[PDB]
Amino acid sequence: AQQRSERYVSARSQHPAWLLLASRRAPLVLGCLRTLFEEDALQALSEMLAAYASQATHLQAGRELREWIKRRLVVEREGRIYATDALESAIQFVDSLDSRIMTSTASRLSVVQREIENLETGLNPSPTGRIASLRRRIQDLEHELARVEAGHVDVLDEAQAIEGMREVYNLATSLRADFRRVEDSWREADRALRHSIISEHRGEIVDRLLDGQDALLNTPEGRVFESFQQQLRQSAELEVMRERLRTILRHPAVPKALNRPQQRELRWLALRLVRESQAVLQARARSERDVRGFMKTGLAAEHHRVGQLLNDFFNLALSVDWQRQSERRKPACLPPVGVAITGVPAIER
Amino acid sequence: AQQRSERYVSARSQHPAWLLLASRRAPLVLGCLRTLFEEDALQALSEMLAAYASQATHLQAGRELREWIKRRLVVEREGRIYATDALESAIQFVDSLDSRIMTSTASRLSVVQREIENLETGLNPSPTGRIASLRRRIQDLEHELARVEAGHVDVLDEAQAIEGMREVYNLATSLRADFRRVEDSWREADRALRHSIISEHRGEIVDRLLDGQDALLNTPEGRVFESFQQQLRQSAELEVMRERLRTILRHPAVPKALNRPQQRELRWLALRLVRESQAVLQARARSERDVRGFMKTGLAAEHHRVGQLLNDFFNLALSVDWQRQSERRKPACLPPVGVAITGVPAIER
Amino acid sequence: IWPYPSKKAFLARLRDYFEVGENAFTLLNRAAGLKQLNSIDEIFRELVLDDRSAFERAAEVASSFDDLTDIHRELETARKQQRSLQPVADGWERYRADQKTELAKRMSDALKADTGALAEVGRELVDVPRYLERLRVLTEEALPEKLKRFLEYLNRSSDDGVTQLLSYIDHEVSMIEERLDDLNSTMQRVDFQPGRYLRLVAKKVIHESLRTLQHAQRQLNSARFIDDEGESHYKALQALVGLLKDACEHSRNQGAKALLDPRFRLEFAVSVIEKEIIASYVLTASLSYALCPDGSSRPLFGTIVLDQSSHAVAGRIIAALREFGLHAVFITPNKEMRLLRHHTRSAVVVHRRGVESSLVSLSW
């Protein structure tokens, strides 16, 4: 019980999402960032911060943007800004305060029961139990078919139909939750690999890594994403799912269950899923290519020794008197590099 | 796009959960409240606020408790404190920052596909397509049985087993999400009914409501909860679910998928679900009984009249000079009520 | 060299180079073409102090209130519809216990107040359930949502709207008083008369509009403790918003400017603990205070421009300028070329011939 409070305090101090939520300008920052991912970031942030004085804009806009970049809420790669998982967690929390779909329903209970049955029968190696389960399910389906042949077709009521539609939307919309998480997982592996290469720099490690064709940057989330995207490619079931969704969306009870944006999201589910899954493998390939290029450049030892020398110089610099203009202007010991020759004074000759 | 920022600002200003998260003492309040729901609130809050000075006590503890009561983060019924939905939403957000189960997996995709198929076949009233679907499913099950009879029993791998266990836990733990939401829905209906009775007070409305035996306090969440708890009572499937859960929890891969608290939560799922569902109907019954008692007391007209008179007096009181001691001590006109005897008959003996 | 294709960044860099505030150059421009030394209150309220009126926020507050009135109207319409629909539900219970005429009358009354929900519904007994369903939709879904939105808008408008404006005005008045105290402090190091120095005193003024505004504010504060689902609070806020609207409508009156302009909420007086000399002393002290980095007494920017009185009248202005440490450039027609020869030691002459002008700089 005591450790929970310490964990909460640590999360409050460190985690980017809670810091963003507790920030002074949280609502406008959240709105602007969410609009963006749907210089230019700095310009739009300044524009939004302009007509919200209430409660020198361009200076504080840049200061806050660099503060969030430091906190790793957003990431800067070369000259571009990319979103992380903390931003999406904050957005999900904020925009769920208005409308949240209930999960204490009968449909969710039936789904849970069927899923538990499926898992339990899938973990069983004995063949006799499998045969018994198959026979029981076949008999139940045959009984239902016999009942239906007598003219007892069952149709969900309006309330049950609305409940089912909302539950299906809630389950289907959760497949995009962890797309940024995989990329965040790969970036830290990249950083750790580069740090290990620099601190080691031994050329044998670099040569061995370059020689092998086995891919680097392996993480637990990457394997889960690979397993997901492999099954995503089996179009023989994606087509059936899309057709069933199209059939479902043409029902009288749809307007009372979902509004326009939700209907749009359910309408283009498969296309958007495939399109967004294809945009993560490219990021992984780019990361691996950049790592291999950095390794092939071969300037790690220079970085290490220049860092050591800079640390020595900075340690020494604390023992001099910077308050005297005489010492601040004393000539140092550094050679001329990139000498630009004096213009010949012929001028007009 | 512009309206989203306004909505975010309104939610920041008004919603209790965001206010709690943005408060100064948020981690301590969250920890103490979560420990409690697992006068005395004042003592525990003061104790926890004591050894965290860093960064009176009892006065500020009381001020904080009354501030959160005013903001409706918690409710005070007679002499006790009860939790609301905002507190649980904030707790869920805070403790999801450490470990969150992935939903971009293959098991979730399979569940979504099966659920979509079931829903789509549920809304179809034609007696011809249903027979076709039944025959197709029976044929597929027969083919799988034929394959299994040849000695091709399929068993999930270790990674697939872990993924399935984590997904089952994630789906099953979501059945308790909206238990406080129903009670919050009933409380506001009670409050609105009492306000309408007072503002009307017409005796015909009260007599008509008292005469009828039809239950009051009807809300959309109440009907969903009733439908859920009706199916919860069919023990013929609860026993099977509990037995399957017990069978699942005895697997070698369990320690690598779930830790001890998660195994405990999955172990006692059905008992806790039934026990917590039985504790909401009693709250509804208490609310209805209290409303009927208030209606039977018959003092609404007096409340309305005294409110009007107090408003008139308070409006008049703004036009006198309270800065003069002469006027503050000027005798008013109010009769002696509850006259005690003059101490004694002045005969001590 | 530093080029700027933008006056905003150029002026920011300029104000950073000479460690001055954001209003020093504006004040220098105001006192560089001032025609006549008017009354002390007028001079201090028009030249030394800068315009920071709140006429802009009042329009936004009024617009927000006008937006809130629509939500209030929607809530009232919903309540009116429910009150009309309830007797139909009572009549159906009576019928299930002739009375068809009364039920038809009630259904007609219900249809009278409808706004499209009961578009095409007759008085047939088969239509009675339809009415009932509508009533349920009013009781459980529409009214709670409308009430919640109305309460949220009311609280936000009452807290982030009219409440912060008056606090801002009071804060501006406090800042003016503090700056006046600082100016009095920096004006002590001078002798207007032998062993005598000036002092500035600020006194709050009173007005009928101010009293009405304060009484309305007290009513708004007192109306928040009632439990009427926000009706009394809305009524109390309406009068205050109306007062602000009336003040903002005519922004060229003493009463209206006494509400939304902080500079008109004070009256200034001068003590000798002469009008031209006093005005010049106050203007010079203000200029010296503006052109001085905090914690320092030596200006980095020294040149100022002045216009324009016997020899003794102007003999003290030069002494004050030299004491405060400011360099001066005077503008004067060919009228006072007798005393400037004694103080100024150079001259710039402008000759106009046709549509062209030439400058010649010469000493005396």
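Residues numbered from 1 in each chain as written, not as in the entry; some residues may be left out. Chains lettered and ligands numbered in written order. Part of a larger assembly, values for the part shown. Heavy atoms only, no water. Residues with missing side-chain atoms left out of burial classes, pairs and counts.

Deposited coordinates in this entry are attributed by the record to cryo-EM, at a stated resolution of 2.95 Å.

The name that the PDB entry assigns to chain C is JetC, with the source organism given as Pseudomonas aeruginosa PA14.

In the nomenclature of the PDB entry, chain A is known as JetA of Pseudomonas aeruginosa PA14.

> Would you mind showing me how to read the overall build of chain A here?
From N to C terminus, chain A includes 18 helices and 2 strands. Relative to its length of 349 residues, chain A is extended, with a C-alpha radius of gyration of 30 Å against a globular reference of 20 Å. Across its three principal axes, chain A shows a C-alpha extent of roughly 110 × 65 × 60 Å. (Helix = DSSP H or I, 4+ residues; strand = E, 2+ residues; numbered from the N terminus. Rg over C-alpha atoms; globule rule 2.2 N^0.38 Å.)

> Help me understand the overall build of chain C, please; the structure alone is not making it clear to me.
A tally of helices and strands in chain C yields 13 helices and 6 strands. At 34 Å, chain C has a C-alpha radius of gyration far larger than the 21 Å of a compact globule built from 364 residues. Principal-axis analysis of the C-alpha atoms places the extent of chain C at approximately 115 × 50 × 40 Å. Residues counted as buried form 35% of the 364 residues belonging to chain C. Positive and negative side-chain charges in chain C, numbering 52 and 54 respectively, have mean positions lying 7 Å apart. (Buried < 20%, exposed > 50% of the residue type's maximum accessible area, 1.4 Å probe, protein only. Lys, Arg positive; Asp, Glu negative; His and termini not counted. Charge placed at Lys NZ, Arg CZ, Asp CG, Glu CD.)

> Please clarify how the relation of the copies chain A and chain B should be interpreted in this entry.
These two copies of the chain differ by a rotation about an axis and a displacement along the same axis. Rotating chain A by 180° about the axis while translating it 0.0 Å along that axis superimposes it on chain B, leaving an RMSD of 0.5 Å. Given the turn and translation reported, the copies of this chain are related as if by a two-fold rotation axis. Across chain A, the rotation axis passes nearest the C-alpha of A22(A), at a separation of 2.3 Å. (Least-squares fit on C-alpha atoms.)

> Even after reading the chapter, I still don't get the interface of chain A and chain B, so can you show me in this structure?
Note on interface size: it is often stated as the accessible area lost on association of the parts. Across the contact, 96 residues belong to chain A and 96 residues belong to chain B. Here chain A meets chain B over a buried area of about 9,600 Å², counting both sides, of which 67% is carbon and sulfur. The partner of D178(A) in a salt bridge is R100(B), with the nearest N and O atoms 3.0 Å apart. Our enumeration of links across chain A and chain B arrives at 25 residue pairs in polar contact. Sorting elements by how many residues they give to the side of chain A that touches chain B places helix α7 (residues 106–122) of chain A first, with 15 residues. (Contact = heavy atoms within 4.5 Å. Buried area = accessible area lost by both parts, 1.4 Å probe. Salt bridge = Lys/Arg side-chain N within 4 Å of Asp/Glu carboxyl O. Polar contact = N/O pair within 3.5 Å; in protein donor to acceptor, adjacent residues only side chain to side chain.)

> What's the story with a negative patch on the surface in this structure? I'm lost.
Judged by side-chain charge, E204(B), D207(B), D211(B), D214(B) and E93(C) come together as a negatively charged surface patch. At 3 residues, helix α11 (residues 203–211) of chain B tops the list of elements feeding residues into the negative patch. Its relative accessible area of 64% is what places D211(B) among the exposed residues. (Patch = residues over 30% accessible without salt bridge, like charges linked within 9 Å, V, L, I, M, F, W, Y side chains within 5 Å. Areas by Shrake-Rupley, 256 points an atom, 1.4 Å probe, with all protein chains shown as cover.)

> What is the right way to look at the pattern of salt bridges in this model?
Two side chains carrying opposite charge are able to pair once their charged atoms lie near each other. Residue and element names in this part refer to chain B. In the structure shown here, the tally under the stated rule is 58 salt bridges over all chains. In this structure, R180 and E88 form a salt bridge, with 3.7 Å as the shortest nitrogen-oxygen distance. In this pair, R180 is assigned in helix α10 (residues 179–199) and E88 in helix α6 (residues 85–95), connecting sequence segments 92 residues apart. Among the residues examined, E88 registers a relative accessible area of 31% and is labelled partly exposed. A salt bridge links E183 to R180, with the shortest nitrogen-to-oxygen separation between them at 3.2 Å. Of this pair, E183 and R180 both sit in helix α10, separated by 3 residues, roughly a single helical turn.

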